[PDB]
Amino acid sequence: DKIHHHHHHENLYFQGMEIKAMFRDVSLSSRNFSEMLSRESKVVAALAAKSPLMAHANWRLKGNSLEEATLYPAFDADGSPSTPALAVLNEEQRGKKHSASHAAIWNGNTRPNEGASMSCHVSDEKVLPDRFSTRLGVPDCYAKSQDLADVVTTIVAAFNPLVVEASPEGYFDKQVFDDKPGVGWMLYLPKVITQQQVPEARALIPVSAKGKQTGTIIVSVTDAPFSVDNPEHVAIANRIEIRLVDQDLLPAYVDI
């Protein structure tokens, strides 16, 4: 109900798909809202191609209430960051030296399972990694793995991350290593990962950029939408996690 439009509800448990990325951009500040919203606009564009409910015009800033969460559109008609949105983010940042959510937006849809939201977490000290996350909702029978791969590749091109995790909420309690990233439905790593290294993987999608393979998306399930309630989906994602660690391909969260 308030999972997408309220600011702090991103810390609460919900039923839906979650794509979490960790990156290190030494040129990105926590006050550079224009660059944050422009990167989010690229991710929104990938979602808008799949569903009309994700169109840029519908997206709004998050708020402390449903009323102020529907007042400010995130983008202009062309998809660029809107000035009213940048004006609000600059005023809320004023004085506040510490914030756990930057450029937090939602698709303005309050209907169950029809909503979506995303936010950035930029650290100015750059000792801890920067973060980006997006929440979409429970995948139905018409949820193709290629559609999720397209959204992950767009996030890789927009943030050049060190890791992207894609899994339904609640998979973290089911992953083999709690100190290392989970495979879930998909896992992106900025390394060339082959069939010989991970023979359990149902798909290994190469991600290319600047004239070479930048990384690989590891897919556990390709026949149906990944379900945390399906013990077969969890067991194969768990086997892939064990395989990746056995060959020192899976880093610890603290080491990222």
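Throughout, we count residues from 1 along the sequence that is shown.
Set 154-162 against 99-107 and average the Cα temperature factors; 99-107 ends up higher. According to the PDB record, 43-51 carries the higher mean C-alpha B-factor of the two stretches 43-51 and 183-191. Taking the deposited Cα B-factors for 24, 20, 9, 239, the highest one is held by 9. The PDB entry assigns residue 28 a C-alpha temperature factor belonging to the middle third of its chain's modelled residues. Per the deposited record, the Cα B-factor of residue 173 falls in the middle third when ranked against the other modelled residues of its chain. Annotation for residue 135: CA B-factor lies in the middle third of the chain's modelled residues. In the deposited entry, the Cα temperature factor of residue 148 sits in the middle third of values across the chain's modelled residues. When all modelled residues of the chain are sorted by CA temperature factor, residue 74 is found within the middle third.
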